[PDB]
Amino acid sequence: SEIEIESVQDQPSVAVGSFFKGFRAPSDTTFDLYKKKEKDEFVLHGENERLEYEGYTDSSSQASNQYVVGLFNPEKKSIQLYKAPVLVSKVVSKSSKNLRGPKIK
Amino acid sequence: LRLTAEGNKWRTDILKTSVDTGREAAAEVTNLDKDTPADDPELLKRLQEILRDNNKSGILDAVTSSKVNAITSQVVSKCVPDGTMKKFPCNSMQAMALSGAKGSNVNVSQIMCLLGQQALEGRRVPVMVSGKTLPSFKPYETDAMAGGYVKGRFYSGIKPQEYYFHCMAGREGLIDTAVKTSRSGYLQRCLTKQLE
Amino acid sequence: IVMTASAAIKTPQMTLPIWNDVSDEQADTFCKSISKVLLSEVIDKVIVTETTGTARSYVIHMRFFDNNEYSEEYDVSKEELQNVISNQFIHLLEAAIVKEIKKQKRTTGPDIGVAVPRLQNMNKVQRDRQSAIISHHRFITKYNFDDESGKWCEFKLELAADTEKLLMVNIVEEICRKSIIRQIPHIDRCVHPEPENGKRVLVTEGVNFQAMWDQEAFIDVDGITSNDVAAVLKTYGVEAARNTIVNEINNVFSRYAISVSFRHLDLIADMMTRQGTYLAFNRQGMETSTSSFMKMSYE
Amino acid sequence: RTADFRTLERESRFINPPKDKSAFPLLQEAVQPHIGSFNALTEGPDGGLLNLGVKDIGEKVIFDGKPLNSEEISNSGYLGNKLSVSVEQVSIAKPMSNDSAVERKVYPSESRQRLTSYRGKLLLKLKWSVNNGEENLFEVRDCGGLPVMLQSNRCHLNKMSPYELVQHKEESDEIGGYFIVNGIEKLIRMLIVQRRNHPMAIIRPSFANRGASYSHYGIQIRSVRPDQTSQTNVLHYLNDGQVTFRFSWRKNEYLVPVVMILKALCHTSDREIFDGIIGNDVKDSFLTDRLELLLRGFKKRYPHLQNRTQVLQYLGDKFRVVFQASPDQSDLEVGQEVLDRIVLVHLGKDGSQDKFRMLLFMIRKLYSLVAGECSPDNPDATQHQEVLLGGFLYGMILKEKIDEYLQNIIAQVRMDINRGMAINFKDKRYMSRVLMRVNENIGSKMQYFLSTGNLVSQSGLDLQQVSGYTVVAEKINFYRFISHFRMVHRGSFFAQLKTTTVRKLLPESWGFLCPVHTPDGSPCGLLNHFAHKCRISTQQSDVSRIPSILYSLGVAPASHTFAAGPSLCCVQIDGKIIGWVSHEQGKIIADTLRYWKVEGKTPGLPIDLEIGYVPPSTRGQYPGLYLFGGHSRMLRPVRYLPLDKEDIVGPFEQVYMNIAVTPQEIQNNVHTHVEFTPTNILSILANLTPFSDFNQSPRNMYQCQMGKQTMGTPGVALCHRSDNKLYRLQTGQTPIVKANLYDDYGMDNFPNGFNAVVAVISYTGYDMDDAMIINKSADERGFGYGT
Amino acid sequence: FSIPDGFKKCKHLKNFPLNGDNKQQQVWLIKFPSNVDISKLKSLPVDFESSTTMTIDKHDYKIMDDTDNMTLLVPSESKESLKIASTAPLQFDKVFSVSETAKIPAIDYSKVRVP
Amino acid sequence: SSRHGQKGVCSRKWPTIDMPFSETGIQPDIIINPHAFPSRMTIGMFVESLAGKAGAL
Amino acid sequence: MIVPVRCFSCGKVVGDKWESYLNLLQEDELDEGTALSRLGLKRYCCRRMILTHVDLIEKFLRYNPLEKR
Amino acid sequence: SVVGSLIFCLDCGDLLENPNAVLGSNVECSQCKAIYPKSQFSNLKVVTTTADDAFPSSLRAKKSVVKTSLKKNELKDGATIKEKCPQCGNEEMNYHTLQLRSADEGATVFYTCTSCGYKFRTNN
Amino acid sequence: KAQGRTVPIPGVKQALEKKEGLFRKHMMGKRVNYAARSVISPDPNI
Ligand SMILES: [Zn+2]
Ligand SMILES: [Zn+2]
Ligand SMILES: [Zn+2]
């Protein structure tokens, strides 16, 4: 079963970011994508009223693996491929930026 | 030290039944009817259960040992002395064991027939977590040789697998002579001072 | 024997001579009747369904082996199992949970920076039974036991909102192997070995003569042997202990196929029993000796 | 037509010592772990272990007792002038003799005759940094005469050919590997130590008797720094359901909750820890409760610690005294300093994400051991151990002495500022004054270790014993002498135990540890000898190119996958967890890697790499693809069936490997490798025994001890020696009956016996069991005469 | 945030066809090594289950298929940057992974096992 | 000792006239008692004896 | 060290046959066995004496504390 | 996200406190003061089974497919050698081997009779 | 029974119990005159 490809995009467009099991978020916030110029490293950053989202690409995984995301058609049997970087995203809270004296007793 | 052509034929024929013994005993302890093949997937799963338990492995070792030792006794009873090329009184090796000058028929049988099952701390040969007794043998091998049963004799020579297993059992005794805190010195000193 | 004359032997045993009128099956049933039975030995599975509502609810279901299986392997009835759980096990479990709550609130965690030591539907009769057990236990709410078939025991435990998380399975497990169904004092296991030199005997892994005295229908009370010298001395006298010393020392030599003249053993035993007690060849036994110079040259 | 002796070849080589490559390369291959180990101390990539060691001990800070006088609250907080002292480079010179002006070369022969030490000048570039490098002062300080190893990187003999060695009063095929200390040849004995960068699930009753509600179960990883210094981290499962982190600093043990050491490494959520340990096996009630105990327990004990910085500060505050990191270093700096110096040091600094992933894996392995999913790893077995080489041990204690050297500089400054005050740190005069008031003779301290074997250290290294690290390289005969450099000891601490499992000869030792060569009595099974073809790893290379090969072979990255347990295969390279795969695919990668390894077509995959694959089993060893390339590893050559080429195998990977002994014993579908010669499993002395496969087991063992005690040839350069005592057989003879390996080690250079007419006869009546008769007329003719 | 240095913000982002009607829509994820060129291949042979075969310029590959957390971020508009995909959070319909497979040679027993 | 772990102390330095003499005219340099071999089982020495003789001739 | 004077077993002078043996192996290119036969060594005791001789003296002499280099 | 007896936040991923310890009708996260619950989280239950290896017994051993115990007499002594019995006079006699003392010392033989069952110890 | 001094000198009690003790080392057992020691060699002619 040989499946045909319609188009391939080597430019930044769609991205994938892994958080943790059971991540919902407000679904109204934006994520600013960044790029560095052999292999390009990507950085993700978001902002919320109570939370803050930060993501980056793994240096050991980027140069060795190339991730792509595609949309499949049930009748035409054609896939539209677009390169997507995997960003290891962590979420920081309002509770952060809290610290005591540099030297205690 | 030599057996006659007739006597050496008997040795090879009795030791030819020892190949089946390994799997036969392995099939008995595991409880499997019609005697399942050596490469049986259910048997290999059943032998793994035995590997993880010190008691279960003990039942497997004692059954296989008694069966292979019965094959050893047969070889020795047939070949010595009715199968030895040179016979008593002229066979000096045989003469020294019978006279009580030096050695026994057990030493004589290891020289002219076979070393037998190499017993380590009451059981057979130690086995790795992989189910292998040596890197040469198959994991969960149902063979007498894999368990430490040496068919080779000191006259003809012993195979490298048998050599390593003999090295284990040979050292085992010297290790016991190194780890033996029990001394009869103080026991006798306590009695003699009160009974003098 | 000789050096320490230990009253606390590593392997205390009793040799019970069985009659001729008692069969091989009867003797094996008798072995089971005396052998120590633990709750662990009759349990197959324990299912704890920790549910937090309103109160920590712990549904402990005791799935035992089949009634006919443990009754033929341990000589234990379903009635015998009921009494142990309703009187011993629950009181032991409640004490273990209370102790674990205290241990949780006592030390909150290890001290950081401070150095530690180096390594190197129910029936009417069932309802009256449950209600009486609730009055005797401070944390249980339900108690249902298989009285017809005898295969399970279910009981609910209610804890406070402040008790929070607890590892009940591990707590239950430890108390089951600590709970004794039936045990005859100082005896652990009674086995049936091959008849020693034609004599039909039973080897006990413990010593209690007075308990075996009650089994006159199975055991010949005038031939009950024991390796424990001090135990023999306490019940049967100095001459009996003396005879145990000469026999036991002989067993040590006979096993290694070494023959030592009984004239030697009898002398050693007579010297150990010279005071009417069981003295050992050491500083303690020597205290009762005339020569102070002999004593000075010992230690 | 025969396996003859070289007679014409021998005598020609006796007269003409080669001017090219020395004969018998196996003899130099025997001392390869000794010379190589010491060679890696200066030569090799990253500038050698000694330059890496001074890079790891770092700075040593002290503040001046002088005010700021600024026009303030800053004045009170002002600690004074900063003085950060360290060592940038470490130099070793070949043995020289100065007479104050022009230097002269001093060879080993001189050191032996002079009854002195074969020392090389130890230099080290001291860094005197003030107020965080506002002014730096450098000085190359002479730190005494460091005893140099013979035929090594810093020995005058290493380049010399057989001809040159004889012209310099040494043996034609001089092995080396030892140190000339006060006229006595002393060698550092090799030690059996836990395999580096591997989590080991161990059941020990010792763990229980230490603290309250402690179980037998636990995990133990021996993390090693690039400078070869080790730092062991232990995980404990408490009966409460709590997991504690055990470690050692100075000579004291310390315990910290694992959920604290996890949150200090990198910013994570409680669910990130949950996904990290528990994979797709979320329904496992056993794990669901144990993890809740950890997370709720941390929240109960430390509710204030809500971010990575607070955790680091709490850690810094409690360890500020023990780690001595003070008085300007913040609790955040001290906290990170604790992590960088203690937690999984094998992954090192700028690898906290890697340390976090490895720590979660250890918790899952710990829980698999408690439940029973995983069988405990055996520390006494050859598969779960490596060999601490002499040169590496020498480098470790050297690093310790330079750390002490820097501590002494600070101690002198502390003495100065706590009395007369003297002057400032910017003045070179003061530095020169402090430096000559400090004991800088590290050479004597290192000479002591080689003269007593006693380990004097502030940390005590990652070793149990404190004595017998050095032994006299006894040259009573060559057989005893060459065996010294192939001898390995489990440890002096293990010799004082009632356990017999340690002494037991195991199948894991096949081809690595000799089954024959072990002494009788007290050292039986403790004082082992390696196989003649066995080799020990000196360093690692191409290790950074392998993750790229693995990821291409279908290994899913650990940072994106987030799934752990024995249900899935874990891929690791030198203890660095790189990804996750299925157990089916796990073997496919392991088999395909070995194929491209033996093939000289792949540039990033070295032949010396260890591919430790562990298949899934019912209550067996913890599964995974644990690859290794690092130092100290036990390695041996075997013939790889496809391609028919040499392959290097380790004791860890061998356990699951099917290696046939003889090619005729190769079974289909159940064999992947075959031995070159079965002689590869025996030692040099064990191979030298004629027809050993016809002798009873303890007699072959006794021969090794006998050949070691024989009055043979201790050398031919005796007229330039001055040893305590030597035993020399006058009439040496070449054996007619011999193993061909006798020539491969050129044992004809040192005859150990004589060929005698022996009659098996009872005639005289004076010979019986332990007594034998010698011919008078033979003795009168000089038979068996010695001096 | 602003950090790190040498990183420029992504202003232009290409359109993604996202609808999710009902004859239904499918979103696929594929893993590929750096050695293979995506722009060269214009057709990919893939079938259901783990069984797959592929050969691109002497190199052999296998497309591993698995049924079953990762979060997909689709761009709603070029100025709106990236947002979380949702219909009613969103999960991939089918997940694939390309693994380079090498053919290990069969042991020549007639040549290696010699009496 | 031989290379087979058969060590023994020198009981006496027996004269060649009193020593047993071979058909060839050779008297042994060393005499080992036959009662040593049945307990030790050092057959390697036995094959070494006929190998050493073959190689000398 | 050097070739022993007389065979340890019987007493047949062997010391004059060492240099002559090497000449029979080098120049004459004979085998070990035939070379010993031409020297007059028929007993296996006399045979092994020269055949099994090492001659470590040539190795020992290369260390001379009486001559420079 | 709720798993077994554990309740985790959907925004940050922090483990939320037990509903019995905190104030009624409302539960809040320690990191961000998030609005919870939904009352649809339900009274959580966890089915924790026994270890199966926790209760080792003779009956549990009889539930194993492989043999766990040997019969009273169904275990015969395999090793037999032809030797004269000093007790009365028998041909069949059992034996055992082990290397005691130093590496120079010989091997000790442990004989056993079949007619009576008498052990023995003699080196030569 | 005496205070610690910065191994102390042994008292008369210590002299009588140094190791095995004066009674064991010099009374119950003693080094003797008119005695010799040597390695034993076998002899069937005596
Ligand atoms: Zn001769
Ligand atoms: Zn939250
Ligand atoms: Zn009898």
# chains A, B, ... in the order shown; residues from 1 in each chain; ligands from 1
>>> residues_near_ligand(ligand="ligand 1", cutoff="12 Å", atoms="only C-alpha atoms and all ligand atoms", output="MDAnalysis selection string")
(chainID D and resid 756:757 777:778 781) or (chainID F and resid 22 24:29 56) or (chainID G and resid 4:14 40:50)
>>> select_by_dssp(residues="chain A", states="strand (DSSP E or B)", output="PDB file with N, CA and C atoms, in the first residue's frame")
ATOM      1  N   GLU A   2       1.101   1.837  -1.196  1.00  0.00           N
ATOM      2  CA  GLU A   2       1.916   3.041  -1.375  1.00  0.00           C
ATOM      3  C   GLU A   2       1.028   4.287  -1.339  1.00  0.00           C
ATOM      4  N   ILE A   3       1.235   5.150  -0.328  1.00  0.00           N
ATOM      5  CA  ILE A   3       0.464   6.384  -0.145  1.00  0.00           C
ATOM      6  C   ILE A   3       1.254   7.557  -0.743  1.00  0.00           C
ATOM      7  N   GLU A   4       0.587   8.375  -1.577  1.00  0.00           N
ATOM      8  CA  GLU A   4       1.192   9.525  -2.257  1.00  0.00           C
ATOM      9  C   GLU A   4       1.193  10.779  -1.377  1.00  0.00           C
ATOM     10  N   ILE A   5       2.217  11.636  -1.555  1.00  0.00           N
ATOM     11  CA  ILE A   5       2.391  12.897  -0.823  1.00  0.00           C
ATOM     12  C   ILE A   5       2.121  14.064  -1.782  1.00  0.00           C
ATOM     13  N   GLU A   6       1.289  15.031  -1.350  1.00  0.00           N
ATOM     14  CA  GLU A   6       0.920  16.193  -2.158  1.00  0.00           C
ATOM     15  C   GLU A   6       1.938  17.335  -2.017  1.00  0.00           C
ATOM     16  N   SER A   7       2.217  17.790  -0.775  1.00  0.00           N
ATOM     17  CA  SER A   7       3.138  18.902  -0.531  1.00  0.00           C
ATOM     18  C   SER A   7       3.983  18.717   0.730  1.00  0.00           C
ATOM     19  N   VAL A   8       5.224  19.238   0.693  1.00  0.00           N
ATOM     20  CA  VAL A   8       6.187  19.205   1.800  1.00  0.00           C
ATOM     21  C   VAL A   8       6.682  20.632   2.086  1.00  0.00           C
ATOM     22  N   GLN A   9       6.606  21.060   3.359  1.00  0.00           N
ATOM     23  CA  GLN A   9       7.026  22.396   3.782  1.00  0.00           C
ATOM     24  C   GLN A   9       8.236  22.304   4.716  1.00  0.00           C
ATOM     25  N   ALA A  15       3.879  23.421  15.179  1.00  0.00           N
ATOM     26  CA  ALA A  15       4.811  22.829  16.144  1.00  0.00           C
ATOM     27  C   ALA A  15       4.083  21.966  17.184  1.00  0.00           C
ATOM     28  N   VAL A  16       4.810  21.026  17.817  1.00  0.00           N
ATOM     29  CA  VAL A  16       4.262  20.131  18.842  1.00  0.00           C
ATOM     30  C   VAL A  16       5.086  20.289  20.139  1.00  0.00           C
ATOM     31  N   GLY A  17       4.386  20.459  21.258  1.00  0.00           N
ATOM     32  CA  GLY A  17       4.998  20.647  22.568  1.00  0.00           C
ATOM     33  C   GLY A  17       4.408  19.763  23.644  1.00  0.00           C
ATOM     34  N   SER A  18       5.224  18.825  24.166  1.00  0.00           N
ATOM     35  CA  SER A  18       4.832  17.880  25.215  1.00  0.00           C
ATOM     36  C   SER A  18       4.961  18.516  26.601  1.00  0.00           C
ATOM     37  N   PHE A  31       1.344  31.152  22.067  1.00  0.00           N
ATOM     38  CA  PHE A  31       2.697  30.632  22.263  1.00  0.00           C
ATOM     39  C   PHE A  31       3.637  31.183  21.189  1.00  0.00           C
ATOM     40  N   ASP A  32       4.563  32.065  21.602  1.00  0.00           N
ATOM     41  CA  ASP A  32       5.539  32.708  20.724  1.00  0.00           C
ATOM     42  C   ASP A  32       6.671  31.740  20.385  1.00  0.00           C
ATOM     43  N   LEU A  33       6.877  31.485  19.083  1.00  0.00           N
ATOM     44  CA  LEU A  33       7.913  30.583  18.576  1.00  0.00           C
ATOM     45  C   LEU A  33       9.179  31.362  18.205  1.00  0.00           C
ATOM     46  N   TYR A  34      10.354  30.773  18.486  1.00  0.00           N
ATOM     47  CA  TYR A  34      11.665  31.365  18.206  1.00  0.00           C
ATOM     48  C   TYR A  34      12.533  30.400  17.385  1.00  0.00           C
ATOM     49  N   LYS A  35      13.565  30.928  16.692  1.00  0.00           N
ATOM     50  CA  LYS A  35      14.467  30.137  15.846  1.00  0.00           C
ATOM     51  C   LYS A  35      15.901  30.687  15.880  1.00  0.00           C
ATOM     52  N   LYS A  36      16.902  29.784  15.810  1.00  0.00           N
ATOM     53  CA  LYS A  36      18.330  30.122  15.812  1.00  0.00           C
ATOM     54  C   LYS A  36      19.008  29.590  14.545  1.00  0.00           C
ATOM     55  N   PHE A  42      14.678  25.503  18.353  1.00  0.00           N
ATOM     56  CA  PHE A  42      13.459  26.279  18.584  1.00  0.00           C
ATOM     57  C   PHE A  42      13.168  26.458  20.077  1.00  0.00           C
ATOM     58  N   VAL A  43      12.579  27.614  20.444  1.00  0.00           N
ATOM     59  CA  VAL A  43      12.212  27.969  21.822  1.00  0.00           C
ATOM     60  C   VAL A  43      10.753  28.465  21.833  1.00  0.00           C
ATOM     61  N   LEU A  44       9.923  27.886  22.719  1.00  0.00           N
ATOM     62  CA  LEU A  44       8.508  28.230  22.892  1.00  0.00           C
ATOM     63  C   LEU A  44       8.306  29.021  24.187  1.00  0.00           C
ATOM     64  N   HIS A  45       7.415  30.029  24.164  1.00  0.00           N
ATOM     65  CA  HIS A  45       7.120  30.863  25.332  1.00  0.00           C
ATOM     66  C   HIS A  45       5.679  31.376  25.300  1.00  0.00           C
ATOM     67  N   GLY A  46       4.978  31.182  26.412  1.00  0.00           N
ATOM     68  CA  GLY A  46       3.597  31.612  26.601  1.00  0.00           C
ATOM     69  C   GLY A  46       3.401  32.354  27.907  1.00  0.00           C
ATOM     70  N   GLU A  47       2.280  33.083  28.029  1.00  0.00           N
ATOM     71  CA  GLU A  47       1.970  33.854  29.234  1.00  0.00           C
ATOM     72  C   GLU A  47       0.486  33.761  29.587  1.00  0.00           C
ATOM     73  N   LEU A  51      -0.360  31.499  35.384  1.00  0.00           N
ATOM     74  CA  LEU A  51       0.690  30.593  34.911  1.00  0.00           C
ATOM     75  C   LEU A  51       1.591  31.243  33.849  1.00  0.00           C
ATOM     76  N   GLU A  52       2.652  30.518  33.455  1.00  0.00           N
ATOM     77  CA  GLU A  52       3.619  30.896  32.424  1.00  0.00           C
ATOM     78  C   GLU A  52       4.190  29.613  31.822  1.00  0.00           C
ATOM     79  N   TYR A  53       4.268  29.550  30.487  1.00  0.00           N
ATOM     80  CA  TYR A  53       4.739  28.362  29.777  1.00  0.00           C
ATOM     81  C   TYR A  53       6.073  28.625  29.080  1.00  0.00           C
ATOM     82  N   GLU A  54       7.037  27.706  29.258  1.00  0.00           N
ATOM     83  CA  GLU A  54       8.374  27.779  28.665  1.00  0.00           C
ATOM     84  C   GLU A  54       8.762  26.430  28.072  1.00  0.00           C
ATOM     85  N   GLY A  55       9.207  26.446  26.820  1.00  0.00           N
ATOM     86  CA  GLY A  55       9.619  25.253  26.089  1.00  0.00           C
ATOM     87  C   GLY A  55      10.872  25.452  25.265  1.00  0.00           C
ATOM     88  N   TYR A  56      11.610  24.359  25.022  1.00  0.00           N
ATOM     89  CA  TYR A  56      12.848  24.359  24.240  1.00  0.00           C
ATOM     90  C   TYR A  56      13.050  23.002  23.559  1.00  0.00           C
ATOM     91  N   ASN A  65      17.214  13.387  15.045  1.00  0.00           N
ATOM     92  CA  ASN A  65      15.846  13.106  14.595  1.00  0.00           C
ATOM     93  C   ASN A  65      15.159  14.332  13.993  1.00  0.00           C
ATOM     94  N   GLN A  66      14.351  14.095  12.942  1.00  0.00           N
ATOM     95  CA  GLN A  66      13.570  15.101  12.226  1.00  0.00           C
ATOM     96  C   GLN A  66      12.090  14.706  12.264  1.00  0.00           C
ATOM     97  N   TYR A  67      11.284  15.463  13.027  1.00  0.00           N
ATOM     98  CA  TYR A  67       9.852  15.211  13.201  1.00  0.00           C
ATOM     99  C   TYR A  67       9.014  15.983  12.188  1.00  0.00           C
ATOM    100  N   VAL A  68       7.980  15.318  11.637  1.00  0.00           N
ATOM    101  CA  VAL A  68       7.051  15.863  10.635  1.00  0.00           C
ATOM    102  C   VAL A  68       5.600  15.503  11.044  1.00  0.00           C
ATOM    103  N   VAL A  69       4.639  16.411  10.778  1.00  0.00           N
ATOM    104  CA  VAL A  69       3.209  16.218  11.054  1.00  0.00           C
ATOM    105  C   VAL A  69       2.433  16.385   9.722  1.00  0.00           C
ATOM    106  N   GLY A  70       1.472  15.495   9.478  1.00  0.00           N
ATOM    107  CA  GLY A  70       0.676  15.503   8.256  1.00  0.00           C
ATOM    108  C   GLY A  70      -0.812  15.283   8.438  1.00  0.00           C
ATOM    109  N   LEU A  71      -1.605  15.767   7.463  1.00  0.00           N
ATOM    110  CA  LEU A  71      -3.064  15.640   7.431  1.00  0.00           C
ATOM    111  C   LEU A  71      -3.458  14.641   6.339  1.00  0.00           C
ATOM    112  N   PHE A  72      -4.210  13.593   6.717  1.00  0.00           N
ATOM    113  CA  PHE A  72      -4.632  12.524   5.810  1.00  0.00           C
ATOM    114  C   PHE A  72      -6.085  12.691   5.342  1.00  0.00           C
ATOM    115  N   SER A  78      -4.091  11.152   0.107  1.00  0.00           N
ATOM    116  CA  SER A  78      -2.932  12.039  -0.021  1.00  0.00           C
ATOM    117  C   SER A  78      -2.653  12.757   1.300  1.00  0.00           C
ATOM    118  N   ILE A  79      -1.362  12.885   1.664  1.00  0.00           N
ATOM    119  CA  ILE A  79      -0.948  13.528   2.914  1.00  0.00           C
ATOM    120  C   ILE A  79      -0.167  14.817   2.623  1.00  0.00           C
ATOM    121  N   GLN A  80      -0.514  15.902   3.340  1.00  0.00           N
ATOM    122  CA  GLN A  80       0.146  17.207   3.255  1.00  0.00           C
ATOM    123  C   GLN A  80       1.113  17.311   4.432  1.00  0.00           C
ATOM    124  N   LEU A  81       2.420  17.135   4.168  1.00  0.00           N
ATOM    125  CA  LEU A  81       3.452  17.122   5.209  1.00  0.00           C
ATOM    126  C   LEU A  81       4.014  18.506   5.526  1.00  0.00           C
ATOM    127  N   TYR A  82       4.225  18.763   6.832  1.00  0.00           N
ATOM    128  CA  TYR A  82       4.791  19.998   7.387  1.00  0.00           C
ATOM    129  C   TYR A  82       5.733  19.646   8.542  1.00  0.00           C
ATOM    130  N   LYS A  83       6.982  20.158   8.505  1.00  0.00           N
ATOM    131  CA  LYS A  83       7.992  19.909   9.538  1.00  0.00           C
ATOM    132  C   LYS A  83       7.592  20.589  10.852  1.00  0.00           C
ATOM    133  N   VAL A  86       9.764  19.247  18.103  1.00  0.00           N
ATOM    134  CA  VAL A  86       9.246  18.795  19.399  1.00  0.00           C
ATOM    135  C   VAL A  86       9.921  19.628  20.483  1.00  0.00           C
ATOM    136  N   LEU A  87       9.111  20.336  21.284  1.00  0.00           N
ATOM    137  CA  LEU A  87       9.609  21.206  22.343  1.00  0.00           C
ATOM    138  C   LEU A  87       9.212  20.686  23.719  1.00  0.00           C
ATOM    139  N   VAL A  88      10.216  20.402  24.570  1.00  0.00           N
ATOM    140  CA  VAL A  88       9.999  19.924  25.937  1.00  0.00           C
ATOM    141  C   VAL A  88       9.542  21.124  26.776  1.00  0.00           C
ATOM    142  N   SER A  89       8.221  21.225  26.970  1.00  0.00           N
ATOM    143  CA  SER A  89       7.618  22.353  27.662  1.00  0.00           C
ATOM    144  C   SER A  89       7.336  22.080  29.131  1.00  0.00           C
ATOM    145  N   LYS A  90       7.701  23.063  29.965  1.00  0.00           N
ATOM    146  CA  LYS A  90       7.502  23.105  31.413  1.00  0.00           C
ATOM    147  C   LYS A  90       6.605  24.305  31.745  1.00  0.00           C
ATOM    148  N   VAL A  91       5.809  24.208  32.820  1.00  0.00           N
ATOM    149  CA  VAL A  91       4.897  25.284  33.220  1.00  0.00           C
ATOM    150  C   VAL A  91       5.281  25.814  34.621  1.00  0.00           C
ATOM    151  N   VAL A  92       5.594  27.124  34.694  1.00  0.00           N
ATOM    152  CA  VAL A  92       5.948  27.832  35.932  1.00  0.00           C
ATOM    153  C   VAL A  92       4.713  28.581  36.446  1.00  0.00           C
ATOM    154  N   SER A  93       4.552  28.643  37.778  1.00  0.00           N
ATOM    155  CA  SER A  93       3.397  29.254  38.442  1.00  0.00           C
ATOM    156  C   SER A  93       3.714  30.623  39.087  1.00  0.00           C
TER     157      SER A  93
END
>>> select_by_dssp(residues="chain I", states="alpha helix (DSSP H)", output="JSON, numbers by chain")
{"I": [12, 13, 14, 15, 16, 22, 23, 24, 25, 26]}
>>> residues_near_ligand(ligand="ligand 2", cutoff="6 Å", atoms="only C-alpha atoms and all ligand atoms", output="list in words")
residues 9, 11, 12, 14, 29, 31, 32 and 34 of chain H
>>> residues_near_ligand(ligand="ligand 3", cutoff="8 Å", atoms="only C-alpha atoms and all ligand atoms", output="JSON, numbers by chain")
{"H": [85, 86, 87, 88, 89, 90, 113, 114, 115, 116, 117, 118]}
>>> closest_residue(among="H:81, H:59, H:107, H:98", to="residue B:72", atoms="only C-alpha atoms")
H:81
>>> closest_residue(among="D:237, D:274, D:356, D:766", to="residue I:43", atoms="only C-alpha atoms")
D:766
>>> residues_around(residues="residue F:36", least_positions_apart="4", cutoff="10 Å", atoms="only C-alpha atoms", output="ChimeraX atom specification")
/B:102-103 /D:760,767-772 /F:6-8,32,40-42 /H:106
>>> residues_around(residues="stretch 54-59 of chain B", least_positions_apart="5", cutoff="8 Å", atoms="only C-alpha atoms", output="number ranges by chain")
B: 29, 49, 123; H: 66-70
>>> interface_residues(of="chain F", to="chain I", cutoff="9 Å", atoms="only C-alpha atoms", output="list in words")
residues 9, 10, 11 and 12 of chain F
>>> interface_residues(of="chain A", to="chain D", cutoff="6 Å", atoms="only C-alpha atoms", output="tab-separated table (two decimals) with N, CA, C and O atoms, in the first residue's frame")
chain	number	residue	atom	x	y	z
A	64	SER	N	19.82	14.50	15.47
A	64	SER	CA	19.67	13.08	15.14
A	64	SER	C	18.29	12.72	14.57
A	64	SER	O	18.21	11.83	13.73
A	96	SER	N	6.34	30.83	41.95
A	96	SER	CA	7.75	30.97	41.56
A	96	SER	C	8.24	32.41	41.77
A	96	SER	O	7.42	33.31	42.01
A	99	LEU	N	12.16	33.43	47.14
A	99	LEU	CA	13.43	33.01	47.75
A	99	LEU	C	13.73	33.78	49.05
A	99	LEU	O	13.25	34.90	49.22
A	102	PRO	N	20.38	35.10	50.89
A	102	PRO	CA	21.45	34.26	50.30
A	102	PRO	C	22.24	33.49	51.36
A	102	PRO	O	22.67	32.38	51.08
A	103	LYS	N	22.39	34.06	52.57
A	103	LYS	CA	23.10	33.44	53.69
A	103	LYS	C	22.23	33.55	54.95
A	103	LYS	O	21.87	34.65	55.36
